[PDB]
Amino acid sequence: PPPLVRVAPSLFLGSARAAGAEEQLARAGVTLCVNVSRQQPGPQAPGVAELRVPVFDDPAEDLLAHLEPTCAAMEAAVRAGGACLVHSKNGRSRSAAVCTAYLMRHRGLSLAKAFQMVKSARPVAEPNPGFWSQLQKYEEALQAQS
């Protein structure tokens, strides 16, 4: 199975099969799995919670809606001592989008710095152009609250 990639402390990214290995996630301390898909089956691991963000890897779909509620869940899981695994089918677009959204919202990065952080961990990271624009709107809105 492909490894999990540690994006940042208590933050992991993976492809779909990487979320199936119960032993990796236990090794990584993963307590919450964010499954950014509509069909991929998520963790079976005893005691690993799962949040499903149901989107196709598709510039039409509205991933912007789910960012703030998904990020709140993840930050809570980390502040309580756990860690998060964000996965999609390829570990390239949807999971990349949520990870950078998390880093902007809770680690106070700009979209550029945050995404450079995801890329360094995961070179193939590439949100489709629709998501990439939704993340700029997230940044816009974050700036205005901040």
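Don't overthink the numbering: it's just position in the shown sequence, from 1.
When the mean C-alpha temperature factors of 107-115 and 38-46 are read from the deposited coordinates, 38-46 comes out higher. Judged by mean Cα B factor in the deposited record, 132-140 ranks above the other of 8-16 and 132-140.
Ranked by C-alpha B-factor against the other modelled residues of its chain, residue 54 falls in the middle third. In the PDB entry, a CA B factor belonging to the highest third of its chain's modelled residues is recorded for residue 63.
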